[PDB]
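One structure below.
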Amino acid sequence: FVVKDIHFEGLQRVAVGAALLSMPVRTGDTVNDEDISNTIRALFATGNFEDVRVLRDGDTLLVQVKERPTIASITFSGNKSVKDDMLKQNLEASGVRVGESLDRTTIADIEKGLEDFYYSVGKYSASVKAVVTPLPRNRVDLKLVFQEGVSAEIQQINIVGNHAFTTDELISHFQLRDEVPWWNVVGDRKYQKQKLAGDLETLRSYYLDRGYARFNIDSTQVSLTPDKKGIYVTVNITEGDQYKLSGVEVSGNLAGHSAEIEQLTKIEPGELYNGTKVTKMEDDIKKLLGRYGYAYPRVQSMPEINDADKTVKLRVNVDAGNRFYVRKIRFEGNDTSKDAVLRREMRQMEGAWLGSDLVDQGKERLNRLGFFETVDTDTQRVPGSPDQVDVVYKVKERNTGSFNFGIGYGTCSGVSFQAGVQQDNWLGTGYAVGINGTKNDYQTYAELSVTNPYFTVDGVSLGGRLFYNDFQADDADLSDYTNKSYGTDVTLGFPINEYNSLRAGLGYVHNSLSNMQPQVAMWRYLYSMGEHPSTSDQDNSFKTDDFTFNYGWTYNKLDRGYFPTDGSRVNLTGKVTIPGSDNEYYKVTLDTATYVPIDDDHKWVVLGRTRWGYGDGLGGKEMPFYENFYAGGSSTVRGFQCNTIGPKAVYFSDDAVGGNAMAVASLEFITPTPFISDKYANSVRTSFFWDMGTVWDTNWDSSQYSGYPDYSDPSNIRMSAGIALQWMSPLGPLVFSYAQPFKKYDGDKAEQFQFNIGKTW
Amino acid sequence: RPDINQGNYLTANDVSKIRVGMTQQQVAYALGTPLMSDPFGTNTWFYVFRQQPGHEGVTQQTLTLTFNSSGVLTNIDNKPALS
Amino acid sequence: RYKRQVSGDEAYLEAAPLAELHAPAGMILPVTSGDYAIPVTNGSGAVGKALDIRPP
Amino acid sequence: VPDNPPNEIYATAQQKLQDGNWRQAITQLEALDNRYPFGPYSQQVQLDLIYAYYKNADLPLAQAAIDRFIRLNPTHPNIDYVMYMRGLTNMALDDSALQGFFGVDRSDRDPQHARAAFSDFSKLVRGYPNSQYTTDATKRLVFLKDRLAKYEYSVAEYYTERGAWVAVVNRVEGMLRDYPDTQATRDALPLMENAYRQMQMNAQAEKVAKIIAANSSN
Amino acid sequence: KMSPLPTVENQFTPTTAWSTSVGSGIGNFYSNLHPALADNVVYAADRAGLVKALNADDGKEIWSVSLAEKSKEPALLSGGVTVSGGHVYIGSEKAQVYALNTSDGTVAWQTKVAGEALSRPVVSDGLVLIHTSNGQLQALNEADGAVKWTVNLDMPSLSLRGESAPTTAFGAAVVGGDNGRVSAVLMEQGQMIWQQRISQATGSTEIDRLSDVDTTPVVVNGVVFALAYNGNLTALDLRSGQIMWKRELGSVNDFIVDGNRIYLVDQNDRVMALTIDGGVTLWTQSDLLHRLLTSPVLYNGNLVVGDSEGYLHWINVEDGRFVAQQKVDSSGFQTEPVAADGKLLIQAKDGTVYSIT
């Protein structure tokens, strides 16, 4: 026409120049007659103008045009098994997100896509609706109202062509369940597209090992009600006839290992063809060829059937890949842990040939120490390399130290404050220490202990220990006399076998005893040494300082430390007096446990725990009582108090005393917990238990105090059972438990709820 | 107590396939790579069969080779066993 | 919570020198990738903590 | 979480920045993103967010922010800020003093972060040799050079104490091909001098003799 | 969701003849199976294996029998209910097909097919025509169950029920089948004379593609009509199937056409009368919604069905206004009554028949 200029009104988010550019007509030139069509197609090709209204005065074009309002917040109402993040993902898949304008009319198609997702779950009756909220500044909010309806169960699982061999109960091996016992209640019946796909191959696998080789599927058909309430599923198959194998052979390059594969393929004649046996056999070959140093061969297993006699001859073919070696190793995870620390568990070495087996021994040795949370191995091929290879060992670290806190809970340190801390990966080095300082304002007990497990290469261990201790509580004058004592321990440690370890070392102690009660079992010892200063005296006092020797034996074979699942760990210690000393005796303690799963898959597991304790003197003499055993404290015996177990002393009745005979165990049922997700489910452990223990002395007699009971007997057995929660937290391990005792006697005590914080399995 | 291997494997009849006037690639297809290789000139290669198992007992073979600019041999040296 | 002092970074903590390497008589050094290396440049102006990060 | 026009919001953003306050400016800036994800000064907003992540040290968020930015903004003059800040991130990612109390060697840990830092500073120089970010960046690259050297040196020590007489040297040839500097490297030749003689390789020990004799005192 | 009950009314007595408690029922399971008449008798059974033989005027057993997999595993009978020539011809879940005599509960023969042994068999000059979920259409003998020919058809991954209501004319035989495809075919080798599509492919395989399965067409006079769920109600040629008109509508259950009107329902359970040759709704009644209802018949000049609440939904034919109502049973229904020529009746899910006044 004749327009000379353009003005726009109602655009608050976009340039007018681009607007007038999207149409060919412009200001400063003769515009055309298509200007209305150009305004139309451009302003609605933008997708950012909801309505346009353009008019020409004769010299100037006035455009009155709005901009499509843009979404601010996308909100959800009616979520019950569905999370808004995946829904926003589905929206971005739609092509829609916050800060975008739109038509307000694809809402129906949007609802349909949402409902298609809902179909993908297994609900088809639902209905969704939008709630639009107009807002100034050309804005909107949007909310989503849902009515999910309900899903279906499955009603029958009926199968075709399954004659002459039933599975209509043996189907129960599937993921899916078309029957929920009212006496085995859990879960319900729900369909899924893919769990189907899994159980189908499962069923195939079943028939593949009972003497069949042609069990094929025709089809799989499913439908359901018009009211969409329950499903009807069917599947169409063949059943051919039974089958057998007839001989086996191979082919391909080796290094003359024919006689070994000969053993893995080895069979008896006249046996049923399988395919799982086949597969594990293949992989066993792969393991062997790992060991001799191969990674990437190829393997093929071909049935050569004769259905004329229902037999097969299994042709096999291998292609031994060209040899490899290793070049390099690299580690990731180490932020708080030095290098050279993990190589000293690699029984593999760098820069030489290779197996596939040293790798796993290293995995084991690593997961033992608990310096890592989790593990990952891998194996690459180097670029531009047929034979050179590298490796990776990744980990996730863990903070593993502690902060012990003894308060004399249960009165084995009475009213006291035992503080202290332990860490075995001290500052990320292979170095281990532990400390306590103990104060009561009259009591002292401080102790240090240290070990370098790798003083020298090849797992050479070296440890020291020291303790100072003062005890001042006989101004109570109740029991448990005043002692001061201090000493040292030193130790070597080393292995000989690649799992089993030994150690030994020495010690020196110094002891000072004061304000002895008139307790009765003591004077047994006091005759044993010699002199007897009794009447009823309390100026009583004594001293003795002694050298000594000890040693340790170790069988450790686990999947790992830090909440293991498999194997067993046992440690024995024998300690002994030595000559040139104030006394003579010897004791031994053993601590045992073993982990066995169901399958280590869902982790339905059991542990067994036991301890043994014994000791005796020499020369017809007895050992001291302060080196006695003890029990109780709800770490060793759950549902009982600290050092509150077993026999007890008198003067002419209470307050158990410890001794020299022990036999104690606890048998468990290990459990997962469904109420928490993996994120910490890896790091928590719950169980039930059933605990036994009993105690006595051999030096104890009953011919003289016989109106008082026996304590020599191994009878009078302590029994309880309960439940325990065990959970990791940044301060160390943590555990609670609640039990119920069911065999007490007199002279004893306990609690039901108990707490522990340290290192005890 | 520990065990160690180190070096390049041997077939010991591979050795009966070695003739001067043969490209390095022929030995590549023969062996796979070497690992020790002169970073001071004199195009040459090394091949060794060391192992140290047991509290005692030690062994090592060696073959040591030098070639032309052509990536083809000039001369060898079999040290079958250390001393 | 919401105030801590186990990390106080953005500190210049270096002093380190550099040196370069001769060759022997006769025979030869080993070759270099150049992948890790120093395109030399005149250093000047701000450096170390005496330095800006307050953005533009 | 108020809702307002963005001008006052960026205003209080600047205010809280001058306050040294992160936890307030943090949410302010996240709301500036979400409320105005295509504002006219969006880029400055991204910068301020990464500055926030540094001054409060939520690091991998900042890493993601930077690679987001460089993906989406490939080109503008302040890019140098971006690259340098990335490398500073990973430089921090290596370091710590949770263990440092005047006594730790931070060496001998997972070094890949340093390699990323190396590449980052290097790239930024190679695109932008001339800025006001470089006079220290060079020296920091030198730091990482020394550290990567020391990493391998320590591994050499352990393998050497075993007697992996050869895999060591296969490491060290690469130590040479990469690191012609760093006295440790000069201090590491003698390990070969022991090695080749443990190998009963005489004919290369003289090469070791020459190189050591070729060098003066370390 | 589900509509509330309307008031009971009258203008005709809510009448009941005898009833009988019969078999152990069949339960929650959807099926298509409901009894079938003969001279002075009707017959039915359960899926369990147990079968009857009755009267027409007392409903007592002239005799009753049962079978099972020989041991004694579930019989699972959900075929049809049909007679011919003093013999009965029934199917299971199992692709196993049962030929007995009417005079006694004894085998004529027993045979095997592919695919489930579903919906109501139909027979003409002998020559039974049978269908499955597999989409496989077999053609059968009269005294050994021998096959004469068989057809393959496409099937989807999903459906509501692969079902069928095959129908014939001049020895020319027709039926639908899934995918909204219909085939009009021979009776000798059964091979294709022609086909026709009427459905619409518009959804995402679960919105449309729910009109895939075809319940039932039926002939009038050189013409047929048909439908599927959320599909098109059609008018198609006997010789060719070419289209005369269509109505974007839906249902799942069978219809009926007598007079100048056609009488059928909605998937939402609403009922109407449309024209013979058009599709112009004279009227609807829309009261009894989401009620899980069954297809009607005519009896003495009006229509009724039953429900999952077990009631009777009598109406006026001319406008559908409710004329009468009866509560008759607490077990509801799943399937269809019938009557014929003096006698009306229905079976329960739970093993209960009603004979009707």
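Per Swiss-Prot, chain A residues shown: 24-675, 702-810, in order.
Quick reminder: no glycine exception, Cβ is built from N, Cα and C everywhere.
According to Swiss-Prot, the domain 'POTRA 1' annotation covers A:24-91. Counting residue by residue with DSSP, the domain 'POTRA 1' (A:24-91) contains 16 helix, 16 strand, 36 coil.
Look at Swiss-Prot and you will find A:92-172 tagged as domain 'POTRA 2'.
Annotation comment: Swiss-Prot describes A:175-263 as domain 'POTRA 3'. Secondary structure by DSSP for the domain 'POTRA 3' (A:175-263): 19 helix, 21 strand, 49 coil.
Among the features that Swiss-Prot reports, domain 'POTRA 4' is placed at A:266-344, with the record citing sequence analysis.
Same-chain neighbours of the topological domain 'Periplasmic' (A:447-454): 359-361, 364, 392-394, 423-424, 473-477, counting only residues six or more beyond its ends whose CB sits under 8 Å from a CB of the stretch. Taken from Swiss-Prot, the feature topological domain 'Periplasmic' applies to A:447-454 (among others), supported by a curator's inference.
Only residues 6 or more beyond the boundaries of the topological domain 'Periplasmic' (A:476-483), in the same chain, are considered here, and those with a CB under 8 A from a CB of the stretch are 367, 453, 455, 516-518. Taken from Swiss-Prot, the feature topological domain 'Periplasmic' applies to A:476-483 (among others), supported by a curator's inference.
Annotated topological domain 'Periplasmic' per Swiss-Prot: A:507-522 (among others), in sequence order, evidence recorded as a curator's inference. Residues of the same chain lying 6 or more positions beyond the ends of the topological domain 'Periplasmic' (A:507-522) and with a Cβ under 8 Å from any Cβ of it are 370, 384, 474, 476, 482-494, 528-535, 537, 573, 575, 578-580.
Panel annotation: around the topological domain 'Periplasmic' (A:578-590), residues 387, 390-393, 396, 421, 423, 522-524, 617-620, 623, 626, 628, 732, 734, 775, 777 of the same chain, lying at least six beyond its termini, place a Cβ under 8 Å from a Cβ of the stretch. The topological domain 'Periplasmic' feature in Swiss-Prot is assigned to A:578-590 (among others).
Beyond the ends of the topological domain 'Periplasmic' (A:620-628), by six or more residues, the same chain brings 588-589, 719-721 to within a C-beta distance below 8 angstroms of the stretch. Annotated topological domain 'Periplasmic' per Swiss-Prot: A:620-628 (among others), in sequence order.
Note: the topological domain 'Periplasmic' (A:719-732) comprises 4 helix, 2 strand, 8 coil (DSSP; helix = H, G, I, strand = E, B). Annotation comment: Swiss-Prot describes A:719-732 (among others) as topological domain 'Periplasmic', evidence class a curator's inference.
Here Swiss-Prot flags A:425-433 (among others) as transmembrane segment, drawing on experimental evidence. Remote same-chain residues near the transmembrane segment (A:425-433) are listed as 439-446, 459, 461, 655-657, 664-667, 780-782, 800, 804, 806-808 (criterion: CB distance under 8 Å, separation of at least six residues from the stretch ends).
What Swiss-Prot records for A:455-462 (among others) is transmembrane segment. Sequence-distant contacts of the transmembrane segment (A:455-462), counting only residues of its own chain at least 6 positions beyond either end whose CB sits under 8 Å from a CB of the stretch, comprise 427, 429, 436, 439-449, 468-476.
According to Swiss-Prot, the transmembrane segment annotation covers A:484-495 (among others). Within the same chain, residues 465-478, 505-517, 526, 528, 530 sit at least 6 positions outside the transmembrane segment (A:484-495) and bring their C-beta atoms closer than 8 Å to a C-beta of that stretch.
Listed as Cβ neighbours of the transmembrane segment (A:523-535) (distance under 8 Å, sequence separation of 6 or more from its ends, same chain) are residues 484, 486, 488, 506-517, 565-579, 649. Here Swiss-Prot flags A:523-535 (among others) as transmembrane segment.
With a threshold of 8 Å between CB atoms, the same-chain residues lying at least 6 positions outside the transmembrane segment (A:564-577) that come near it are 512, 514, 516, 523-539, 593-601, 603-606. Marked as transmembrane segment by Swiss-Prot: A:564-577 (among others).
Marked as transmembrane segment by Swiss-Prot on the basis of experimental evidence: A:591-600 (among others). Below 8 angstroms of C-beta separation, residues 569, 571-581, 606-618, 641, 646 of the same chain, each at least six residues beyond the ends of the transmembrane segment (A:591-600), sit close to that stretch.
If you look at the deposited chain, A:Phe675 and A:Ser702 flank 26 residues with no coordinates, and their C-alpha atoms are 9 Å apart.
Counting residues 6+ beyond its ends, the transmembrane segment (A:804-808) has Cβ neighbours under 8 Å at 425-428, 432, 445, 657-658, 780-785 in the same chain. Note on the transmembrane segment (A:779-789): residues 422, 424-427, 657, 661-662, 738, 740, 769-773, 801-808 of its chain, located 6 or more positions outside it, place their CB under 8 angstroms from a CB of the stretch. A Cβ distance under 8 Å defines the sequence-distant neighbours of the topological domain 'Periplasmic' (A:719-732), meaning residues of its chain 6+ beyond its ends; these are 396-397, 586, 625-630, 776-777.
Mapped onto DSSP helix, strand and coil, the topological domain 'Periplasmic' (A:476-483) counts 0 helix, 5 strand, 3 coil. Long-range neighbours of the transmembrane segment (A:609-619) within the same chain, counting only residues 6 or more positions beyond its ends whose Cβ lies under 8 Å from a Cβ of the stretch, are 581-582, 587-600, 628-639, 641, 646, 650, 652, 709, 810. Here the domain 'POTRA 2' (A:92-172) has, by DSSP, the following mix of helix, strand and coil residues: 26 helix, 28 strand, 27 coil.
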